[PDB]
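Just so you know, structure 1 and structure 2 below are the same protein chain in two forms, each on its own as structure tokens.
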Structure 1
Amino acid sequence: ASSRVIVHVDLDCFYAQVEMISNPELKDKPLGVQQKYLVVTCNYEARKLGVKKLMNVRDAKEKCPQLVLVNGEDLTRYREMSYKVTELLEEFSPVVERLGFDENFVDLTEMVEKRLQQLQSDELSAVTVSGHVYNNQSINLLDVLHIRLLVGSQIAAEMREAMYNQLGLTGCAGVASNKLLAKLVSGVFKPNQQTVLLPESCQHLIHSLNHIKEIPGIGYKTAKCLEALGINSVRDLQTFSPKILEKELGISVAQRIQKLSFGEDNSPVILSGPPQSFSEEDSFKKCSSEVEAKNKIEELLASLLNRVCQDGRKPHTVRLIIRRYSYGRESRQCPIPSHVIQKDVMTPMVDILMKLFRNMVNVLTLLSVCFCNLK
């Protein structure tokens, strides 16, 4: 009757798990993936040693200091295994929303309902859960809603088995009645495990968070904005005057995060499909030097156009983005001339981006190109 069953799939240590598949010799050698001076992520064969995501190399390294590092500044292989996952999930139900390269929501409502359509009266008593149940809560085989959530978790365990048999990947699921809760209950047991949340334990999940910043939807800026007003817990946010919430953020944000704080989230799962933009990015110590920076720009374009091509679609807008020292980024944008779309192409393309460059740079700590408006 309008209650949903959503699954939130979230792969373990994604990048490190691609590097290990490519290079067995890194199988339980404690592994971190390197981008610039950061350990962007590391394997659980390494996490125990107090090595954390986005930890300094020097820090990550003093700990360990044989832990092993691979460069992961080129995201090609990760983007490619990432879409294989969504594609796999799409085979179950077509409505798959990506969050990042490693998270997916699937709306399982239509599938739970078909399955249960499909059972005799007896085989209805023997419906079992698969994996964890949040807060060790008792199942009631007569609660139409518990019955679905368990069938949910049966699907999830199938999605997980398949991600492993078909892509050699392990990870987590959370089943629950909306995206917020599903995203939250997928982390309870890590790393290669899954959890289902029964409606009666919703407040327990929600109140188990220590910081409002842990709510998907509330950011760094938002949080410190609430902290300023004296709102630190989920309950502070629950009990707090709508009128005061409006006087800081707008009725847009104010009414939405308050729902979030109660565990209430109506957003549907959206079909991501193909991406709305391809971009490429380079970051540095400084730069400033028109001509190489034309280089740096040349580099991004060569790689970008390869990617954009295969897709099949074509993009009708280019973007240039920069950063100074000293964020705090600045962008210029323009359409991509008709005849230029047909495809030669780099030559005329660089001219573009380079005027675009001059419109904000006279007399730089990052450069990046984006193609968007894909048709």
Structure 2
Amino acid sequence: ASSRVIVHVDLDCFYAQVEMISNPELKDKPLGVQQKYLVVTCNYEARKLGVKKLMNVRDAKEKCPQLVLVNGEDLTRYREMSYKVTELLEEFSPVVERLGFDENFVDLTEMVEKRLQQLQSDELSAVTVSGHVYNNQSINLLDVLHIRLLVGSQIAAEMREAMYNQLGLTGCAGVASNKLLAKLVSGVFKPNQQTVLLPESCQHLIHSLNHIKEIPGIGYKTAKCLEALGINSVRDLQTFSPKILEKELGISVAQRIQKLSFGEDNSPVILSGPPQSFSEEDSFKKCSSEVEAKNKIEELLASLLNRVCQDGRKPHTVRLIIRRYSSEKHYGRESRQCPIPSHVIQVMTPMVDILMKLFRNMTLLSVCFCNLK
């Protein structure tokens, strides 16, 4: 165990794809999926006419006064397609990690080896790549790593073909030696295509980024922290002092993100399996009188109980979260967590008041069933 072959699968404008499949007439027409006053995503037809992901509806129409919009506030169908995608990938190989509703990581290492052991000391020279080779790098057929990654690209091509034939979905794939690289390379050729990264091009890929914030693992916060330290480019982070970074972000975050700056990342692909929680939200124009407005909470449970049910397992914890309007609270949420009566587990009425008591003890409102068993 050492050299891994990882694939990162990323779908094209996921919500938009699901909507276009539902109502065909929406195809070829610029399509935007809306949630409240946002256009969370849109089909490529729309991205051509200026529409960008997460853009105000207005700024969206005064940019494309023809953009068709559909409401994507109810995630039911997106969530269902998302699991169908994951299950299909799991068939190729069980260790699949979900990242959001449209990205999956699959460790193909075991699968690549088995396929190689099947080839003969001849046809192994006929091994070819499927899709793009990052930085148009030359393949060396005598390099065992090159061969493994190429088989990896073949598998990826099979997965994408399967996703399309069995689910009607198009998407990108990135093949590399680790999750970091696979995720970074899957987006090089953006629409419905795939790319494989050979080792000699790792630094080229990492340095192609324009800021550290672009590195998976480095968020909005850490990015700002690094700035205040004079660290802006990927090379700055690579060359920065381990000590100062270690003594200001924690030996953990520090030693880990500096590895990332070099394209190094040994995190394993984790088998996501069933969800660890179930939650539904509802933001509204500061329309909550602090009371009686819990009829909204009854709505949430309605679906949640239907979802938590279907699943099979039962939650042993419930929660409520809220927000409050005022200044520019860049981060402000509150929640009251509490166990669920063993009797009530095995229906709404009880739960309703249960959340109500949790309510009083305290713009948005969301119930979250967690601690599944």
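Residues that one form lacks are left out of the comparison. Counting starts at 1 with the first residue of structure 1 and goes up one by one along its sequence. The term rigid core refers to the most C-alpha atoms you can superpose between the two forms while keeping them within 1.5 Å.
Measuring CA movement between the two structures with the rigid core aligned, the set 80, 123, 292, 161 has one residue at 2 Å or more: 292.
If you fit the rigid core between the two structures, you'll see the Cα of residue 248 move by 2 angstroms or more.
Core superposition places the Cα of residue 60 0.8 Å apart between the two structures. 246-248, 287-293 are the runs of at least 3 consecutive shared residues whose C-alphas each shift by 2 Å or more between the two structures once the core is superposed.
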